[PDB]
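Protein chains in written order, with the UniProt record's numbering: chain Z, 3 to 166; chain G, 19 to 275; chain U, 19 to 275; chain D, 19 to 275. C-beta: ideal position from N, C-alpha, C; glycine also. Okay, structure first, notes after.
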Ligand SMILES: Nc1ncnc2c1ncn2[C@@H]1O[C@H](COP(=O)(O)OP(=O)(O)OP(=O)(O)O)[C@@H](O)[C@H]1O
Ligand SMILES: Nc1ncnc2c1ncn2[C@@H]1O[C@H](COP(=O)(O)OP(=O)(O)OP(=O)(O)O)[C@@H](O)[C@H]1O
Ligand SMILES: Nc1ncnc2c1ncn2[C@@H]1O[C@H](COP(=O)(O)OP(=O)(O)OP(=O)(O)O)[C@@H](O)[C@H]1O
Ligand SMILES: [Mg+2]
Ligand SMILES: [Mg+2]
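Structure below.
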């Protein structure tokens, strides 16, 4: 038996605006989990493999976000801030990137998927929807392990130089 | 009444420092500083598992509010024919890591990942002769790929199991042997046990030549038997209303064994 | 503390440029340009893994501004009872081309796209006998399909596995042997370990006849034991405040073996 | 201490060049060149085994960079009731390969592979009569299939076993016989022991008629007894502060035989 340890996981702190797909992706690298493994631990089954793709066709319910909150130690009201606000239409096909800000905070911000967003206001730069050199479309944000293009291996921080 | 608690001290378990225990603790510290794997061997009633418990307790975990703990020494007893998923499940559970389900390949990766950052220095495996033959590959991997010493603990069956694979024999070649009680050491032990463990309303005077004759034939030097014979005789004396172990009931108990 | 800075050095591992390492590297290169598969055999403490690893680092993967890294040499150690997917996943992740859930045909189609384009000239499989017998179908496939040399590294058992399948025995027929040290070569190596590894504040003079008696008995020619015994004796000596290994401390260590 | 060192010297072995051993080495070298199988016979204390070990160390393994060694002479000694698997097991270990689990056909097929590639010219089997009668089929097989001189070494009983099998006797008819010492040869040899083996501080004069009668009756011409008796007489005398051996002290020792 254990000598007086408290039950634990490699918890992670969320960044100031990352998407739920990106956060779950980091959580399941801090702990080595598969997408269906994290869904099974949370008790919500195969649901997590939709959310990592932004397949929010039926939206994340209060009861499902609370189930994830019991794993990841973030309350349901802070998990809701990683999803679009009520009636803010997102798009889940083109994954998009600022890249200039990815040097200030290495994350996929949820706001880059809003249908109303076309330029990052912190930097006044046009948002990217493909790698500026090889034209490859970005992987889903849960898979942003390297923080670079998967085809030509150019860092996302260097795509700051190639945009607008 | 007073009589009811007294079964509990007798029945209750305790740890008594002995030369044999001290010898291991210092040797293991050499192995833990040096990051050298090794094996401990000896007969099954020499009290090997207990010495390893006593060692674990001397190095408590450190825990902060948020990040995961430092735990220097891990102790596990595998089940019979323990396979790879079962070994990784035990390493993971002794740390109380919350994740419980997984593929064998997922537990492998996850175990390596909880030994890292958690800062483990030594892994002790008891009745290591229970390991299913293919799981020694996962142990050789833990030992080479992390700066973690591995200490296999077992009987002479452990060796016969090791000698069947050159790859395993060589990583685990160094070892220490747990021996039996004899001569003055058996006598001094008996005396310690009377003062430190039995504590009866009246001394049982065990070091007397006539009582040591009865204990030596009955116990044949195993610390296991000595403890069991003495406690059984003490409880059985107190329940008969005597204030000490009686030579008559020490003889009766020693007749069963 | 000066004492602490040093024990943490002696705890760690290092590489010494022995004749056996130079002999392997000069052999593997022939095979690389010739693009031919082969295997390396020898006893488990001869340092096969180290000599192969050291080779892998002589050829840093290269990078231009556009296309992916060119990766001439891959080294992998597989898991025990390694399936087809487990082999492909570990090849693919070494090349850092991460891959999703797929079935086994999908792992194979991706294994070929990542081995193509990206220049790969040689694959090295450590502990090759961890492979399940069917996986060799995948290993041969790769070796014949792409101009990639495949090297199988292992103990005598590896050949017991290979000689079961005449299909495999023929692609991997050529071989090299790692061997134990002896004679003048053991003595030169001991003198190298003293000035190269141990670096103690005054000399211990380990090539002396009296010390080579102790080392030759204690190590039996394995470079593994020689490296282990000397680190263990140096750490033990410094913890006692001795400026050197001495004959008695080297015997107190060697007696654990 | 001086006496301690002389005990620690005289309790060990040595090799003296003698006519019998020079005769064996010239004879075996002819059989290694011509590849004919043969046997060495003689009484049990003639030193056939020291003569064969002295031969092996004149033909040590010739090791190249990456191949297995060339091993001109392989010398093995079987255990009692040696079967077909135990013979291959020892041949395989002597060349430093590890033997793994399999069936009889596998040990044989593997034995022929390690005998091939590795240059092997001669196989010496000591105490040949420990072989089970069927194993001779495998000994002949090798001796006919590969360019190998098999030497069987043994006592007169060996021939009593061999004459039970027409097939074997005829492969192994050619022989050298060891004999006993006599006359001038026994006398000359005693002086070689005094100058090369005994190494005590003054001449013991063992070649005088009065001392040769003692040794002749005591030793009956066997080099074994001569060695054993002069070592005991040297040891015993040094402990009593003599610089030599004398009539009474050597009779004191001889009277034990
Ligand atoms: N240091 C000790 N102090 C007190 N009792 C001890 C000590 N060591 C062993 N014992 C006694 O030994 C008995 C249990 O034996 P233990 O389980 O330690 O043996 P073991 O050699 O580890 O067994 P095995 O090898 O079969 O698992 C108990 O009665 C316990 O009190
Ligand atoms: N070339 C070398 N230079 C310096 N030290 C070495 C070298 N080879 C081995 N050692 C030392 O001896 C140890 C054993 O070497 P290594 O682990 O590479 O053996 P191996 O033959 O690959 O083992 P196995 O075949 O059992 O897997 C190393 O950990 C290191 O301390
Ligand atoms: N030529 C020699 N040079 C040095 N010492 C020798 C020599 N011959 C014999 N001796 C010594 O005398 C002993 C005689 O035993 P030896 O080794 O000759 O046995 P053997 O007769 O070959 O054995 P077996 O019983 O198998 O026939 C040796 O062990 C060694 O100590
Ligand atoms: Mg135990
Ligand atoms: Mg290795």
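Pick from the options that is closest to residue i, judged by C-alpha positions
i, options, result
"residue 264/G", "245/G, 275/G, 224/G", "224/G"
"residue 113/Z", "101/Z, 19/Z, 4/Z, 95/Z", "19/Z"
"residue 240/U", "64/U, 94/U, 188/U", "64/U"
"residue 255/D", "50/D, 67/D, 109/D, 220/D", "220/D"
"residue 122/Z", "99/Z, 164/Z, 74/Z", "99/Z"
"residue 58/G", "247/G, 169/G, 218/G", "169/G"
"residue 190/D", "196/D, 55/D, 229/D, 234/D", "55/D"
"residue 117/G", "87/Z, 86/Z, 73/Z, 89/Z", "73/Z"
"residue 208/U", "247/U, 178/U, 196/U, 181/U", "247/U"
"residue 235/U", "252/U, 215/U, 253/U, 273/U", "273/U"
"residue 155/Z", "39/U, 37/U, 80/U, 66/U", "80/U"
"residue 62/U", "218/U, 242/U, 251/U", "242/U"
"residue 34/U", "27/U, 53/U, 72/U, 45/U", "72/U"
"residue 152/G", "108/U, 164/U, 149/U", "149/U"
"residue 163/U", "173/U, 183/U, 147/U, 130/U", "130/U"
"residue 270/U", "192/G, 230/G, 196/G, 253/G", "192/G"
"residue 140/G", "195/G, 167/G, 38/G", "167/G"
"residue 5/U", "146/U, 85/U, 70/U, 176/U", "Given a span of 19 to 275 for chain U in the structure shown, any question on residue 5/U remains unanswerable."
Residue i: contacting residues in chain U (beta-carbon distance under 7 Å)
i, result
"residue 126/D", "Correct list: empty, because the minimum Cβ distance to chain U is about 12 Å."
"residue 156/G", "98"
"residue 53/G", "29"
"residue 147/Z", "116"
Proximal chain U residues relative to residue i, where beta-carbon distance stays under 9 Å
i, result
"residue 150/Z", "Going along chain U, no residue has its Cβ under 9 Å from residue 150/Z, so there is no contact; the nearest lies around 10 Å."
"residue 152/G", "98, 99"
"residue 155/Z", "81, 85, 86, 87, 114"
"residue 160/Z", "Here the premise fails: no neighbours, minimum Cβ distance about 11 Å."
9 Å Cβ cut-off: residues of chain G touching residue i
i, result
"residue 43/Z", "116, 117, 118, 119"
"residue 254/U", "48, 52"
"residue 5/U", "Past the boundaries of the shown model lies residue 5/U; chain U is included only from 19 to 275, so the question cannot be answered."
Cross-chain neighbours of residue i in chain Z, by beta carbon under 9 Å
i, result
"residue 113/G", "4, 7, 10"
Chain-ordered neighbours of residue i on chain G, where CB pairs are closer than 8 Å
i, result
"residue 246/U", "54"
"residue 277/U", "With chain U covering 19 to 275 only, the question about residue 277/U has no answer from this structure."
"residue 242/U", "188"
Proximal chain D residues relative to residue i, where beta-carbon distance stays under 9 Å
i, result
"residue 207/U", "Per Cβ cutoff of 9 Å: no residues; residue 207/U is ~15 Å from chain D at best."
Chain-ordered neighbours of residue i on chain D, where CB pairs are closer than 7 Å
i, result
"residue 64/U", "The premise fails here: residue 64/U is roughly 10 Å from chain D at the closest Cβ pair, so nothing lies under 7 Å."
"residue 178/U", "118, 120"
Chain Z contact residues for residue i, given Cβ-Cβ distances below 7 Å
i, result
"residue 131/G", "34"
"residue 182/G", "Those do not exist, as residue 182/G stays about 32 Å from chain Z at its closest Cβ, beyond 7 Å."
Chain-ordered neighbours of residue i on chain D, where CB pairs are closer than 8 Å
i, result
"residue 174/U", "115, 116, 117, 118"
Under 7 Å by beta carbon: chain G residues contacting residue i
i, result
"residue 275/U", "191, 192"
Contact test: residue i Cβ vs ligand 7 heavy atom, cutoff 7 Å
i, result
"residue 245/G", "This structure lacks ligand 7; its bound ligands are ligand 1, ligand 2, ligand 3, ligand 4 and ligand 5."
Within chain Z, partners of residue i - CB distance below 8 Å
i, result
"residue 75/G", "5"
Short of 7 Å Cβ to Cβ, which residues in the stretch 79-105 of chain D face chain U? The stretch 79-105 of chain D vs chain U, Cβ under 7 Å: 81, 83, 84, 85, 86.
Going along the chain, which unbroken runs of the beta strand (DSSP E) with 3 or more residues stay wholly within the stretch 21-93 of chain G? 56-60
Quick one, which residues of the stretch 184-204 of chain G are near chain U if we go by CB-CB under 8 Å, in chain order? 184, 185, 188, 191, 192, 193, 194
Using a Cβ-Cβ cut-off of less than 8 Å, list which residues of the stretch 84-110 of chain Z approach chain G; keep chain order. none
Along the stretch 22-38 of chain Z, where does the CB come closer than 8 Å to a CB of chain G? Name the residues. 33, 34, 35, 36
Complete runs of the alpha helix (DSSP H) confined to the UniProt domain "TniQ" (14-128) of chain Z [at least 4 residues]: 22-32, 37-44, 50-53, 64-74, 78-81
Listed from N- to C-terminal order along the chain, which residues in the stretch 28-49 of chain U have their beta-carbon within a distance smaller than 7 Å of any beta-carbon of chain D? 41, 45
Mind pulling the alpha helix (DSSP H) runs of 4 or more residues that sit fully within the stretch 226-270 of chain U? 227-237, 241-257
Report the residue ranges of all alpha helix (DSSP H) runs contained in full by the stretch 92-123 of chain U; include only those spanning at least 4 residues, in chain order. 102-112
Please list the segments of the beta strand (DSSP E) lying wholly inside the stretch 145-187 of chain U, counting only runs of 3 or more residues, in order along the chain. 167-172
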